[PDB]
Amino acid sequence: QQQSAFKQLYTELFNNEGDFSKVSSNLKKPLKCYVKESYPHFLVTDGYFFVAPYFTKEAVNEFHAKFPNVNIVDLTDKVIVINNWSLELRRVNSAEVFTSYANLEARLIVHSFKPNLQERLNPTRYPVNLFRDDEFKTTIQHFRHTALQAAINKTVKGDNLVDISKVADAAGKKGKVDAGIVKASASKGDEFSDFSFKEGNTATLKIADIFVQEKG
């Protein structure tokens, strides 16, 4: 039984081809989490791991409406309750986004969250980046392995085996190792991208814009 709510949610999402509608319904309940950081990176934890929530332009306006005396960029060490949220997969540059792995990211799209101001939460372990967890990293690798295998078994055909003579009687034969390079898919670039899941799309706000909106 998984104790980390985030790990279980993000895990199922990946194990279900990024289809948020296929994830257990008994897990789409409100999320009460501790705010570890708020700027330059807004990070919340579930007692075990920390994730980066992506607020929609609506979610923030609603917030500022019901809570005029509360600045989001100052919710550090405070607790919030995300009543309306969704999960979706996105392709990113893991070299720049630390909240991802293997150029893939599971985003927590927040639509509505309430700040339970001054509510002390129970003592927990030090929160770690969910995308740095061994099992979750492995779960993601499994995801790519399945996509890669399906693509290769579709792209590679005809059993183009190196003629045995090329490797036999190779005394006076010289070759270039790049001859063993085989394209995995019909991808456009030099990066594998033949995935089946449909990359989610939703306008989200940059943590910087919300900073200016509260203190130019």
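We number the residues from 1 along the sequence you see. Basically, rigid core = biggest C-alpha set you can superpose within 1.5 Å across the two forms.
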When the rigid core is fixed in 9 other deposited structures of this protein, C-alphas move more for 117-125 or 102-110; answer is 117-125
Residue stretch of maximal mean CA temperature factor, 135-143 vs 122-130
122-130
Mean CA temperature factor from the deposited coordinates, higher in 173-181 or in 29-37?
29-37
Between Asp46, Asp163, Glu191, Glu62, which one tops the list for C-alpha B-factor in the PDB entry?
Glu62
Within-chain third of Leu117 by Cα B-factor, per the entry
highest
Among the modelled residues of its chain, the C-alpha B-factor of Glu105 falls in the third labelled lowest
Would you please rank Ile72 by its C-alpha temperature factor against the other modelled residues of its chain and give the third it falls in: lowest, middle or highest?
highest
Could you look up the Cα B-factor of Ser24 in the entry and say which third of the chain it sits in: lowest, middle or highest?
highest
B-factor third for the C-alpha atom of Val81 within its chain
highest
